[PDB]
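Colleague: Generate a structure from the sequence data that follows.
(7 chains, ligands or ions: 7)
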Amino acid sequence: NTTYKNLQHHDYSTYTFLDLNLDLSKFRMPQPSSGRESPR
Amino acid sequence: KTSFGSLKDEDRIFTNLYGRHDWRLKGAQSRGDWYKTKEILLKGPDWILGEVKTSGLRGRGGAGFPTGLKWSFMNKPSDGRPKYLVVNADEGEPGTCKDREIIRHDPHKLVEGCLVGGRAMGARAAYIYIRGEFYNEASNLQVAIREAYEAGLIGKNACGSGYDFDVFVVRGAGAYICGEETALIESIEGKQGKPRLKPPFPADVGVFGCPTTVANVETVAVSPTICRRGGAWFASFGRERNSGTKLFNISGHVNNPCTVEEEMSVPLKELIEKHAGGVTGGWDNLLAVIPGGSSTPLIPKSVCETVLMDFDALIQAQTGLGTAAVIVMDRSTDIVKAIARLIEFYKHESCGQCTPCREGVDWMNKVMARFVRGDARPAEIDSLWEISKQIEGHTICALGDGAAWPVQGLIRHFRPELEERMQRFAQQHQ
Amino acid sequence: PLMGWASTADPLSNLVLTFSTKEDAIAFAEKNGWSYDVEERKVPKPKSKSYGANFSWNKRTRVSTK
Amino acid sequence: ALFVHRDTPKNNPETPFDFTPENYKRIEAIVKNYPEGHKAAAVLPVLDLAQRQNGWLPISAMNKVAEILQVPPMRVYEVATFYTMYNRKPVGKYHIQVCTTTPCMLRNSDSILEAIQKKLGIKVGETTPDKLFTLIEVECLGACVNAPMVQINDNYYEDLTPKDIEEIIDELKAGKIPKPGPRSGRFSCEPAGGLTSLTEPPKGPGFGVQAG
Amino acid sequence: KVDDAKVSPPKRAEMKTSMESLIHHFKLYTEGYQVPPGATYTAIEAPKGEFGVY
Amino acid sequence: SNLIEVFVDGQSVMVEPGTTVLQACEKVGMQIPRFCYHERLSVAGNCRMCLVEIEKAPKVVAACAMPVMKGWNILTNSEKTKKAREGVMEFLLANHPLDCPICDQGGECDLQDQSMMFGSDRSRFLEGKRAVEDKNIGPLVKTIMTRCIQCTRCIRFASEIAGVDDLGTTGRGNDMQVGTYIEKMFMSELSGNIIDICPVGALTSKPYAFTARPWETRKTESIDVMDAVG
Amino acid sequence: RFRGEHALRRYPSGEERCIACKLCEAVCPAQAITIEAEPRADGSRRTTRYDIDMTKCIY
Ligand SMILES: Cc1cc2nc3c(=O)[nH]c(=O)nc-3n(C[C@H](O)[C@H](O)[C@H](O)COP(=O)(O)O)c2cc1C
Ligand code: SF4
Ligand code: SF4
Ligand code: SF4
Ligand code: SF4
Ligand code: FES
Ligand code: FES
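Modeller: Residues are numbered from 1 along each chain as shown, chains lettered A, B, ... in the order given. Ligands and ions are numbered 1, 2, ... in the order given. Shown next is the structure:
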């Protein structure tokens, strides 16, 4: 058994990271803040 | 208490060294992940923490600290500020190749261990900082987190819990100092990668003020096996205090330049000749051996014939066992030129907070270039010893220390070699 | 007018008398007859600083640059 | 390395720069990942997004990011001049990174640069008198077990040789994508021998656990 | 001279090469060397007699 | 209650909690040779001149950010303290040019005073000494950034009390130009205060630039005008 | 090594060797040196006035 089970990664273009980020952004906790919009 | 042990198969931490059986959530299910994990997560964090401190885990990535003590420091009762877990997926240290392979093959076990760590210390979210040059395997980790989210397996109520937990990936941008303890933390914060000071601990104030912690990929990856498997079975290998498994990675002038999983202790000559090829040109052909890493001094032949692979033995050999670069170099090459290129690496990768590492790596790079040319007098090489003593312990992080140590090893072992080189250039000029 | 120097008809111009207490200072100024003015010593005020104060969570004290 | 701007139009704002609003949706995803109140953290992902939407970034890209995230611009200039991603100096299409520090030089990395010299023509560190063949050498990119490693845009190449140097250069002159897997056999990060490691497939959930 | 570049000034070649030598030349000729406090007396043979400096 | 004991060179004193070593040393009359600390700014542990040896410690800690734990014994004048100060001063005088005549802080440098009273005298570093291209920060402030020792004091100055954020660090290693990348005039109010913040002769006055020298001039008490504050 | 005229010098094919950094007035034990310094429009630092009291000069 010497068959490379990957090379499913071979197809990766440039924007695939951020596209996966945009597709995988929901069902998520609401990022709890504290008070001010900024440190200024 | 055996003859320092040797690894036997199927007791390994992970399978799929290269290209093997599976890459899927179902592949992790077949290889034994997300198995019995519900009541493991739902037993009580003191049991998991006592298990971690029982197993005697030696921390990796270039620190060598017992991880169970650090996570016991992470057991502060919680205030209004949330707790975070940081996964250091960076590879500097030329010779490493180490958790690149883990994060290519089995990111599911990384998800296992980071959920285990988040449940363990009352943490809430796990950031995973990968090196920015690791884009392909970072996207493979993205596909893995997609699978993990798509199974309904983490997020809200992981495996039927009353527990919420999210994992994120932050890509790097490329610097060795990004993979440090706290310049990491501020590189998450949007500042340029520049560390903080030790008297504020990361367990008090971290990412914007979150009482957080940082761990290596290997320690997180081996952590759920500690939970789902027995006490001190992990400690049944190697020596007493340092005990467990490690990727010993032998690049350089060897046959089959590659990686092995082995136990905590191995004799070096058996490691070279048995489980990864051997020395090119015979055992006597080698000039020297660098174990530990690029933050570790050299070791000559007559020392390393009997020096085995253990933290305490290498510390008694005045070397810090870092990670994964455990390679040799042939008599044919200039170790002067090799160390000079290593110091050029340190010059081209350091931020400039501290004055002494900046100026010390400056002098060391210029003076080692001079010694490549062989220009000076031996009072200069003792002056190189002088600055190499003066740098250490005067910095923020250990990059200046890891710059200071190879010069010390070169002086402590290869003194008449440099004497003869400079004599040759004296005859060359005159 | 001949060179462009600084001339003065002031014999007590360029003295300074270093003392170690204000009490004997005022005592000496009374003792040798001349009038005197007494300014007052202003200490550096002690403060409260920490690197942890520079790295707060919600508080606006944040160096944002280091 | 010329860390002063030296205006020189084709730079010198306003250079024309803008994102697609689909990329603005990406930007809201990126600052949806981070906690509120500390919006200034996403400088590195947003700025890599800008370097990928436009291959080398000008100063107008940095001013655009500063107008988006309402931070002072000097932080953006610090982050851009700091790291090694962001080629502020203009480049061509591709970008060639010959990576070598200690073991790659120990395994004849300089002959690789000799091959790039006598085939590609131009010197190391410099560029070609057209696009798509900007050439530099770099420090450690991890994969030390293989030959001196060649990284092009989001792609590794491992275990090379001068005739395979010629092959990958011919593949770049043909323009088509090569495979990011290593050349000269041993298809992964491998022992080149005969798998001294595991033989039998693991049982998985069947072998030794302890009171789950 | 003495090999003490905080009291005796350095020689001019190593002054115009080195940095520390220039700083020591500069402040040694502006401010002069500091002296620990106290009083001393010494006397040697002048040809007239006990030449004492206090 | 609110009092913590230190043996500063074996001399016991009570210290308020939360404060650090340098405030205790100024409480007992000591100084510590320091560069990047300043008593109006934030604390950023960068200068490394401020080191001091505590007993039972393998390292030597910085005396700016270390909080005062209970019952110290601080050796301000130990052996390796002086050794570390000689080392760090010898590092600081490698990349600093020979401008002691033409500089504007002859008697009023800080490198010169600390290099006498704590530094070495015989030097090393035969070859090197990087050079940095200067900027034009504004027609009120003369700027030669080669004398800059990258002590990171004007940056915190601006980012706190000016809030302008035009001065940043650019680069790594030996090559860290501190300034504005875009050649914009750093001009606001209190910009004249930056030429005294600069502890070396790098950011200096433009109309005063080559007109005097501090030891000739005499100081005189006075009160401000043109403002209701004085 | 005789000590006479108190002359000045200039560079080989160049202007005055003086910089006006006032070290000689700082060390002159009779305080005979008088220096007032202004830079020219070229940017280099120079003088206005440079006086030696050959009366006060103890050589
Ligand atoms: C100069 C420096 C370099 C470091 N390099 C690495 C590295 O390459 N990989 C890593 O995981 N951690 C690195 N670290 C961080 C520490 O090794 C950290 O303790 C580790 O990631 C997690 O701790 P542990 O694994 O020892 O328990 C570095 C730290 C410093 C100061
Ligand atoms: S030792 Fe050097 S690289 Fe490390 S924090 Fe200090 S300045 Fe930065
Ligand atoms: S310009 Fe002056 S104040 Fe600013 S970092 Fe340099 S030496 Fe420090
Ligand atoms: S800043 Fe100080 S050390 Fe530098 S040239 Fe000026 S006086 Fe000399
Ligand atoms: S002012 Fe005096 S010491 Fe200075 S350069 Fe001129 S002549 Fe020489
Ligand atoms: S040095 Fe080329 S990969 Fe590490
Ligand atoms: S004041 Fe402590 S580092 Fe400069």
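Colleague: What's the separation between the nearest residue in space to residue D:178 that is not next to it in sequence and residue D:50?
Modeller: Here the nearest residue to residue D:178 in space, its sequence neighbours aside, is residue D:171; by CB to CB, 6 or more residues apart in numbering or on different chains that works out to 4.8 Å. All C-beta spots, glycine's among them, are computed from the backbone N, C-alpha and C. Distance, residue D:171 to residue D:50, using CB to CB, to the nearest Å: 29 Å.
Colleague: try residue B:393
Modeller: Distance from residue B:393 to residue D:50, by CB to CB: 41 Å.
Colleague: hang on, the earlier thing: regarding the residue nearest to residue D:178, which helix or strand does it belong to?
Modeller: Element membership of residue D:171 [criterion: DSSP states H and E] is helix D:162-174.
Colleague: Chain C: helices as residue ranges?
Modeller: For chain C, applying DSSP state H gives helices covering C:22-31, C:51-54.
Colleague: Could you see whether chain F lies near the first one?
Modeller: No: using CB under 8 Å from any CB of the partner chain, no contact is recorded between helix C:22-31 and chain F, whose separation bottoms out at 16.0 Å.
Colleague: Residues touching that helix, excluding its own?
Modeller: By CB atoms under 8 Å, 6 or more residues apart in numbering or on different chains, the residues outside helix C:22-31 that reach it are C:17, C:19, C:36, C:38, C:41.
Colleague: Report the buried residues of that helix.
Modeller: Residues of helix C:22-31 classed as buried: residue C:29 (neighbour count, 16 or more other CB atoms under 10 Å in any protein chain shown).
Colleague: next one: it to chain centre, how far?
Modeller: 19 Å (CA atoms, centre = their mean, to the nearest Å).
Colleague: about what we covered before: for residue B:425, find the nearest of the helices of chain C.
Modeller: helix C:51-54 (48.4 Å; CB to CB).
Colleague: Output that closest one as PDB, nothing but the C-alphas.
Modeller: Extracted C-alpha coordinates of helix C:51-54, given in PDB (Å, rounded to 0.1, in the frame of the first residue of the first chain):
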ATOM      1  CA  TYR C  51       3.800  46.700  31.500                       C
ATOM      2  CA  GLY C  52       0.600  45.000  32.500                       C
ATOM      3  CA  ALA C  53      -1.100  48.400  32.700                       C
ATOM      4  CA  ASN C  54       0.200  49.000  29.200                       C
END
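Colleague: what angle separates the helix or strand hosting residue D:117 from helix D:162-174?
Modeller: Under the criterion of DSSP H and E, residue D:117 resides in helix D:109-120. Interaxial angle, helix D:109-120 versus helix D:162-174 (axes from the mean of the first three to the mean of the last three CA atoms, to 10 degrees): 40 degrees.
Colleague: I'd like the distance from helix D:109-120 to the chain centre, please.
Modeller: For helix D:109-120, the separation from the chain centroid amounts to 20 Å (computed by CA atoms, centre = their mean).
Colleague: list the buried ones in that helix?
Modeller: Buried, per 16+ other CB under 10 Å, within helix D:109-120: D:109, D:112-113, D:115-116, D:120.
Colleague: Switch those over to CSV; also include distance to residue B:199.
Modeller: As requested, these are exported to CSV (distance: CB to CB, whole Å):
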residue, distance to residue B:199
D:109, 43
D:112, 47
D:113, 46
D:115, 52
D:116, 49
D:120, 52
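Colleague: Can you tell me which of those comes closest to residue B:129?
Modeller: Using CB to CB, the buried residues of helix D:109-120 come closest to residue B:129 at residue D:109, 28.6 Å.
Colleague: Once you drop chain neighbours, what's closest to the residue in chain A positioned nearest to chain F?
Modeller: Of all residues in chain A, residue A:40 sits closest to chain F, at 7.8 Å by CB to the nearest CB. Spatially, and ignoring its direct neighbours in sequence, residue A:40 is nearest to residue C:60 (6.5 Å; CB to CB, 6+ apart).
Colleague: I'd assumed residue A:39 was in contact with the one you found.
Modeller: Yes: using CB atoms under 8 Å, residue C:60 and residue A:39 qualify as a contacting pair, with a distance of 5.7 Å.
Colleague: who's more crowded, those two?
Modeller: Counted by other CB atoms under 10 Å in any protein chain shown, residue C:60 and residue A:39 do not tie: residue A:39 has more neighbours, with 18 against 10.
Colleague: So that one: helix, strand or coil?
Modeller: Secondary structure for residue A:39, judged by DSSP: H, G, I helix; E, B strand; the rest coil, is coil.
Colleague: What's the separation between the closest residue to it other than its chain neighbours and residue B:204?
Modeller: Leaving aside its chain neighbours, residue A:39 sits nearest to residue C:62 (4.0 Å; criterion: CB to CB, 6+ apart). Look at residue C:62 and residue B:204: by CB to CB, they are 16 Å apart.
Colleague: and residue F:27, how many neighbours does it have?
Modeller: 16.
Colleague: Now for it: which residues touch it?
Modeller: Counting by CB under 8 Å, 6+ apart, residue F:27 makes contact with C:46, F:13, F:15.
Colleague: Work out the gap between stretch B:367-383 and the centre of the chain.
Modeller: The chain centre lies 32 Å from the centre of stretch B:367-383; the measure is CA atoms, centre = their mean.
Colleague: what about it and chain D, any contact?
Modeller: No: on the criterion CB under 8 Å from any CB, stretch B:367-383 is out of touch with chain D, staying 12.6 Å away.
Colleague: ok, residues contacting that stretch?
Modeller: Outside stretch B:367-383, the residues that touch it by CB under 8 Å, 6+ apart are B:334, B:336-337, B:339-340, B:343, B:384, B:407, B:411, B:415, B:418-419, B:421-422, B:424-426, B:428, F:124, F:127.
Colleague: tell me the centre residue of the chain?
Modeller: Reading this off chain A. Chain A has residue A:21 as the residue nearest its centroid, 3.1 Å off, counting by CA atoms, centre = their mean.
Colleague: Oops, wrong one, chain E.
Modeller: With distances taken as CA atoms, centre = their mean, the residue of chain E nearest its centroid is residue E:7 (4.1 Å).
Colleague: For the residue of chain D most remote from its centre, give me its contacts.
Modeller: Computed with CA atoms, centre = their mean, the residue of chain D farthest from its C-alpha average is residue D:211, at 46.0 Å. By CB under 8 Å, 6+ apart, the contact set of residue D:211 is empty.
Colleague: Would you agree it falls within a strand?
Modeller: No: Residue D:211: not assigned to a strand; according to three-state DSSP it is coil.
Colleague: Roughly how far does it sit from chain A?
Modeller: Distance, residue D:211 to chain A, using CB to the nearest CB, to the nearest Å: 31 Å.
Colleague: Residue F:154 too?
Modeller: 19 Å.
Colleague: what's the spacing between that residue and ligand 7?
Modeller: Going from residue F:154 to ligand 7 by CB to the nearest ligand atom, to the nearest Å gives 15 Å.
Colleague: same check, this time on residue B:387
Modeller: Distance of residue B:387 to ligand 7, computed by CB to the nearest ligand atom: 20 Å.
Colleague: ok, now residue F:144?
Modeller: Taken as CB to the nearest ligand atom, the span from residue F:144 to ligand 7 is 23 Å.
Colleague: Not counting sequence-adjacent ones, nearest residue to that residue?
Modeller: Counting by CB to CB, 6+ apart, the residue nearest residue F:144 is residue F:134, at 5.0 Å.
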